[PDB]
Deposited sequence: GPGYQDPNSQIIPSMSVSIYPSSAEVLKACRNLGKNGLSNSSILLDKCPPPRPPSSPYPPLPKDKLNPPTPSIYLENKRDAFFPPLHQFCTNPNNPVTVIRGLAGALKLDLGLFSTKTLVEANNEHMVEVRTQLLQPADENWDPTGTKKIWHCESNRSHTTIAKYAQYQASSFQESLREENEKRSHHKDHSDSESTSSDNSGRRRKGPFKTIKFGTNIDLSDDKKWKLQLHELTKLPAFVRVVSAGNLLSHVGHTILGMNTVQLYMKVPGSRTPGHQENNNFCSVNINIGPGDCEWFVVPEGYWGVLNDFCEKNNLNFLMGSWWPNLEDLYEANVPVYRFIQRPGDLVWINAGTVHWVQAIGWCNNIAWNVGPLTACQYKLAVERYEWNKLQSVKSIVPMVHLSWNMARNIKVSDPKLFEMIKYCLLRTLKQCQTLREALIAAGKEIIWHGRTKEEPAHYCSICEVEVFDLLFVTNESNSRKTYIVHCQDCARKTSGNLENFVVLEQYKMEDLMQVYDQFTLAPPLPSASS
């Protein structure tokens, strides 16, 4: 076993400084990948869905299940019969039970057009378009449940308008104690919290990622195309009683879809679009398409592009997990860097997270370990390079510290993550609102930060110690 990274002292010494370099500061910039090679012929563009057929509770705790779902060659896995094999009480998530539990709870309503089959037409039924319009409003569980039940009775006897109940927050364990406890029966690799889940080492709540979200659906309710925040895997269980239809594109094709968006004058990361399948076929993009029944679990693998529509009436619950794998960490870092270049907020603060991983996790896989320690090295050097430059300009550094569960801070202007050294205007320091800016956004306002002090959250000696103690663990 060979260490390939310099000591924190060595990194420190090189920041104090025509010497030799320790590493190449210039990193190649992120960019969308080209269409995958080798290309796929027309006859391979509708592949079948990787499927797991559970019968016994023992079946669900079979270790090879974990490796099958995280395998990069499987963009999505449907786990059939999951709820029945664990004897999960999905009734705890039925609309009737939810109304009884918290009838005032908020629901974010998306009002959409009911579209036909797998297509997306402009409002006049004239042409098939990618942009799928929606309006955001808000209501209560009781009011949305009314509409959902009403809508089913209307069904029992040129586009109609439907309402999708989205982003229902199930994080509060004192409002949802029985619901959340039921999900502790799941095997570790799909649980909301676990030691092998990267999002469980964030140290604070990431709403909808390390907490459960619920969706309430009528037929036609659509989830537009997207990748997960920072390419984290997603877990989704259909409560029933109706089915959902899923559309999945492998991660490696996200650059192709990015280009379709640009050309269609749509934003890939932030827009709402429903892909035209004839467009994807034309470009030799394979599309996985399947039905998720009540009690089926859907595993969206890292970076997989997906979209969904309800076929019947149903609720879904969903959250993220981050497998402790090189593939997962690598894709989360790449999207983190791409988000910076696009001025898109990273919902997962990958720098904060990586340092927490280095504190908590004994990593035995060499490839994953090397990626993490490399991230520590670059950020440790970036911090000390800024710290030195501050001293060199005589601008002092207020010890601000932080609490154990204090979230990561983002820049008020550009929304990049700000680690260790925060820039706050004096009128924001004085009123202790501590409006955080990144270094760049502050200077665009004060050449030498006239209106700015800088707070320090970590002791450099603490960072240097975590870096030095992060070593490759034995198998």
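Where C-alpha coordinates are absent, the deposited sequence of this PDB chain has the segments 1 to 15, 33 to 38, 179 to 207, 526 to 531.
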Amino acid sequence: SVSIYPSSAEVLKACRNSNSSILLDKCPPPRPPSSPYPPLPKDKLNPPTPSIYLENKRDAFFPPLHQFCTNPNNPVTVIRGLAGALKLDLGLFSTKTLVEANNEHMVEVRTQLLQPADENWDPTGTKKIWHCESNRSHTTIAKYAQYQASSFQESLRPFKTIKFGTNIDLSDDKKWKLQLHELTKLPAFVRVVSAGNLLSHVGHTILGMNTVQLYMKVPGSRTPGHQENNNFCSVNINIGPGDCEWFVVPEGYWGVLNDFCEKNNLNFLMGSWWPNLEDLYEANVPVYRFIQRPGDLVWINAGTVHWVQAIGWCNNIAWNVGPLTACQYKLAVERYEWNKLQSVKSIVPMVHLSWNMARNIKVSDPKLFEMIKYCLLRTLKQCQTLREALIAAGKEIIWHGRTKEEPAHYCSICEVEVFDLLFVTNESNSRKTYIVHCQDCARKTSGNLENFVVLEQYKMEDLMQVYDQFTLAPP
From here on, numbers count along this sequence of modelled residues.
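We call the rigid core whatever largest set of C-alpha positions still superposes within 1.5 Å between the two forms.
In summary, of the stretches 32 to 40 and 420 to 428, 420 to 428 shows the greater Cα distance from the shown form in 4 other deposited structures of this protein, with structures fitted on the rigid core. After superposing on the rigid core, the larger RMS C-alpha deviation in 4 other deposited structures of this protein belongs to 398 to 406, the other candidate being whichever of 398 to 406 and 355 to 363 remains. In the other compared entries of this protein that model both flanking residues, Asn17 has coordinates in every one, well short of a third left out. Higher average CA B factor: 274 to 282, of the stretches 229 to 237 and 274 to 282. Higher mean CA B-factor, judged across 438 to 446 and 34 to 42 from the recorded values: 438 to 446. Sorting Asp243, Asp296, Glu182, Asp122 by the CA temperature factor given in the entry leaves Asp122 at the top. Highest C-alpha temperature factor among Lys345, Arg387, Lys373, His138, as the PDB entry reports it: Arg387. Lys175: CA B factor in the middle third of modelled residues in this chain (values from the PDB entry).
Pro407 sits in the middle third of its chain by CA B factor, as recorded in the PDB entry.
When the modelled residues of the chain are ordered by their C-alpha B factor, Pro250 lands in the lowest third. Sort the chain's modelled residues by C-alpha temperature factor and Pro29 lands in the highest third, per the entry. Among all modelled residues in its chain, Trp307 ranks in the lowest third by Cα B-factor.
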